[PDB]
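So the structure is just underneath, and the comments pick up after that.
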Amino acid sequence: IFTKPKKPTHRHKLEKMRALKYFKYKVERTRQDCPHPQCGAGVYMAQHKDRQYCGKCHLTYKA
RNA sequence: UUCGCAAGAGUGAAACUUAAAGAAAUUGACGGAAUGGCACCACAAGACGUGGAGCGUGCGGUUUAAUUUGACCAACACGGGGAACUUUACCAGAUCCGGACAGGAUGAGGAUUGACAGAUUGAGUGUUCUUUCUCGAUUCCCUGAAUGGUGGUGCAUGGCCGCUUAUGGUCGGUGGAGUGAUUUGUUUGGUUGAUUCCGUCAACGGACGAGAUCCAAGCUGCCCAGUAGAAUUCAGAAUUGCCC
RNA sequence: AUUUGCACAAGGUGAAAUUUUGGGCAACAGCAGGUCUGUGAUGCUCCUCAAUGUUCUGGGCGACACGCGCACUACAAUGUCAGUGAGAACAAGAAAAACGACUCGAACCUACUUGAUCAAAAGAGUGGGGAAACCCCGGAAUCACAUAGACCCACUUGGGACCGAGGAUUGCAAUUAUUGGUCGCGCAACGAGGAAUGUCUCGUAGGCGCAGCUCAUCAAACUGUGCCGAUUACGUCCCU
Ligand SMILES: [K+]
Ligand SMILES: [K+]
Ligand SMILES: [K+]
Ligand SMILES: [Mg+2]
Ligand SMILES: [Mg+2]
Ligand SMILES: [Mg+2]
Ligand SMILES: [Mg+2]
Ligand SMILES: [Mg+2]
Ligand SMILES: [Mg+2]
Ligand SMILES: [Mg+2]
Ligand SMILES: [Mg+2]
Ligand SMILES: [Mg+2]
Ligand SMILES: [Mg+2]
Ligand SMILES: [Mg+2]
Ligand SMILES: [Mg+2]
Ligand SMILES: [Mg+2]
Ligand SMILES: [Mg+2]
Ligand code: NA
């Protein structure tokens, strides 16, 4: 017998057009690129309401 | 019912129950039955102990969430088992899939992987949520069947080990004897640790085991040493005579 | 003892005199002996995604009124301390398709020196060794000492169990003391052990250490090794 609720398995979410919202004829990238040279271009830092985050190298820029 | 003084004797069922009971021989095993041998896992002559104390360790019991389990001469410092984590098989929790593959959904208008921060939490563990980034077709979702398991069953097994069993034991062929199971060979005697030999003989011929082989140790030959040593010369240095 | 034969007993010879000594191997039949906890040995069966798989965290396998088997230490003067001497043998020792340099280095063992103008245990350097090469002339302790040393028959300078404080080391982690080292505790029993019971015949028993093994750390275990070394019998079938 267990008392804690069962932990669900993590499912990946999606935006279904996530590349469109990164860019903005003239094209501008709405996401600041990763300054880390290893990640390079094409890796965009996340835009959280608190800080910026890189998916590859986990670099974090606090506001 | 007859006989008897009586004890009883003669005569003599059935109901019911039961698959054997018996008989003679054979091979084992056993004997508080004989005979001959043998062993310090036996004794004799003894020696050191153990059993008494403290402590180490293993086993049991008790306790515990768990105190994981096997083994009870031939279990108990034994599983090479002297476990802090691991080991670990037990207990309280928490991850991962290491469910290949096949079939069917979703699916690059994205199947999926991994994560900073703040919460969850034992965890500064993305284990889960909020949040979005990231990786891209490796996964994920469902059914089947696979996989792994110090899960069971050693009374399903292999292999290995222990023990019977440290003694001298074991088996055919052909021949003899019995209806046969079986027996002789494989033996009365002496000898040997020895079914070891010598003799004897309804046997003769063999095959294992014992012995032999093998490994060390003690004596020794050859060979050999800038990875072993020795002796002898010079050269240096030390003691040097009255001392008690 | 002997018709013979097979042999035996003493003594010679000899390093060795009867399976030379000690081991290894060891038949045929078996046992419902043990092992499914060695294996990618294995049949059947059980679990299999909040798993009996796997990993991680923490506990446990060590818990203690007790019983039992094995071992270690003792009960002291054939002694305990303190000092000095002479003196073994088996043995072990370091690493990669990875880490740095560019094939070599480091892991392992050990010697020497310092620490040290002041305890041990440490900590550090400098070398050496792939092991007949370094350790190493392997300074083991039982032992010895005419050491003119202390103790003097007492649970005592026997015994060293239990426990308290300091400090060091191994490890990612030492609390349930990991293990050494220091000062205390010693007033914990134990003064030779009932009934029963184990092993042993010569370099043996007993006593004494040392190495390997398990091992990052830890031996009262085991597997070997050497050292000091006897009493007794060399017989029997009374017991098993
Ligand atoms: K016949
Ligand atoms: K037999
Ligand atoms: K002390
Ligand atoms: Mg009558
Ligand atoms: Mg005898
Ligand atoms: Mg026996
Ligand atoms: Mg044992
Ligand atoms: Mg664990
Ligand atoms: Mg298995
Ligand atoms: Mg069996
Ligand atoms: Mg078997
Ligand atoms: Mg016969
Ligand atoms: Mg005889
Ligand atoms: Mg005979
Ligand atoms: Mg145990
Ligand atoms: Mg003392
Ligand atoms: Mg052991
Ligand atoms: Na099985």
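Protein chains get the first letters and strands the later ones, always in sequence-line order, with residue 1 at the start of each. All values below come from the heavy atoms of this structure, side chains included, with hydrogens, waters and symmetry mates left out.
Among the nucleotides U128(B), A50(C), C133(B), the one closest to any side-chain atom of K6(A) is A50(C). For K62(A), whose side chain is taken as the heavy atoms from C-beta onward, the closest listed nucleotide among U131(B), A117(B), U134(B) is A117(B).
Residues passing the side chain to side chain contact (heavy atoms under 4.5 Å, CB included) test with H36(A) are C34(A), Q38(A), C39(A), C57(A), sequence neighbours excluded. Partners of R29(A) under the salt bridge (charged side-chain N to carboxylate O under 4.0 Å, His left out) rule, at least two apart in sequence or in another chain, are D33(A). With sequence neighbours left out, the side-chain hydrogen bond (donor to acceptor under 3.5 Å, both in side chains) criterion links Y22(A) to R18(A).
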Handout entry: Annotated protein contacts, base or backbone, on nucleotides 137-142 of chain B with a non-hydrogen cut-off under 4.0 Å, one of B, S, - each
Key = ---SS-
Practice task
Sugar-phosphate atoms are those with a prime plus P, OP1 and OP2; base atoms are the rest. Using that split, label each nucleotide of nucleotides 104-110 of chain B B, S or - for protein heavy atoms under 4.0 Å, 5' to 3'.
Solution key: -----SS
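Under the 3.5 Å cutoff applied to both distances, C3(B) and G8(B) qualify as a Watson-Crick or G-U wobble pair. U114(C) and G123(C) are base-paired, meeting the Watson-Crick or G-U wobble geometry with both donor-acceptor distances under 3.5 Å. The base of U147(B) does not engage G122(B) as a Watson-Crick or G-U wobble partner with both distances under 3.5 Å. Base pair annotation for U240(C) with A39(B): paired, by the Watson-Crick or G-U wobble rule (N1-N3 plus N6-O4 or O6-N4, or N1-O2 plus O6-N3, under 3.5 Å).
Annotated as syn: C129(B), whose glycosidic dihedral is within 90° of 0.
Across the strands present, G36(B) finds no partner; the criterion is a Watson-Crick or G-U wobble pair with both atom distances under 3.5 angstrom. Nucleotide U240(B) has no partner under the Watson-Crick or G-U criteria, as no pair reaches both atom distances under 3.5 Å. Under the Watson-Crick or G-U wobble criterion, with both distances below 3.5 Å, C143(C) is paired with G85(C).
In this entry the distance linking NZ of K13(A) with P of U112(B) reads 13 Å, nearest Å.
Side-chain N or O atoms of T30(A) include one that pairs as donor or acceptor with a backbone N or O of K21(A) at under 3.5 Å.
Between the side chain of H10(A) and the base of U112(B), no donor-acceptor pair under 3.5 Å is found.
If you check residues 19-41 of chain A against RNA chain B, the residues with a heavy atom closer than 4.0 Å are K21(A), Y22(A), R31(A), listed by number.
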